[PDB]
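A.B. asks:
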Amino acid sequence: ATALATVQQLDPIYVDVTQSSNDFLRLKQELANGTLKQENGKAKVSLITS
Amino acid sequence: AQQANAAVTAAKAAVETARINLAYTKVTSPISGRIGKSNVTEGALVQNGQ
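Chains as they are written, first to last, in full-length UniProt numbering: chain D, 200 to 249; chain X, 150 to 199.
#1: In whole angstroms, what is the alpha-carbon distance linking residue 228 of chain D and residue 236 of chain D?
#2: Contact check, residue 194 of chain X vs residue 204 of chain D under 8 Å by CB: the rounded distance?
#3: If we ignore side chains and look at the alpha-carbon of each, how far apart do residue 198 of chain X and residue 184 of chain X end up?
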C-alpha cells in the first residue's frame, strides 16, 4: 500500500482560478456582454507573477 | 459424465467470474450528467468498495 513516487509536468501548467460568487454573475453579465471575451472558449490573461 | 458436468460448472464459474471482473476493469459512468472532480491520479492502487 506504500507509494513510491510522484511526477508532474511543467511546460503546461494549470491555473485554478479561485473566485467569488456574484462577480461570476457579473462575468455572467460579461456573458451578457462577451465583448472583451474573444476566442470565446478560451483566451489569454496577463499574469502578474510574484 | 456428472463429475465432468461439475467441472464444466466450475469452468463457467471461472469464465463468468473473469467476465465480470474483466467487465469491471474499465471504469464508466453510472448515470448521466455533469461530473464533479476526480480524486485519484493514475498509477495508483484503488480498492473495490473502498
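Even for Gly, the Cβ is constructed at its ideal location relative to N, Cα and C.
C.D. replies: Reading from the atomic positions:
#1: In the first sequence, counting from the first residue as 1, residue 228 of chain D sits at position 29. In the first sequence, counting from the first residue as 1, residue 236 of chain D sits at position 37. In a straight line, the C-alpha of residue 228 of chain D is about 12 Å away from that of residue 236 of chain D.
#2: As a working note, residue 194 of chain X is residue 45 in the second sequence. As a working note, residue 204 of chain D is residue 5 in the first sequence. With a Cβ gap of about 14 Å, residue 194 of chain X and residue 204 of chain D do not count as contacting.
#3: Here residue 198 of chain X refers to the residue found at position 49 of the second sequence. Here residue 184 of chain X refers to the residue found at position 35 of the second sequence. Cα-Cα distance, rounded: 20 Å.
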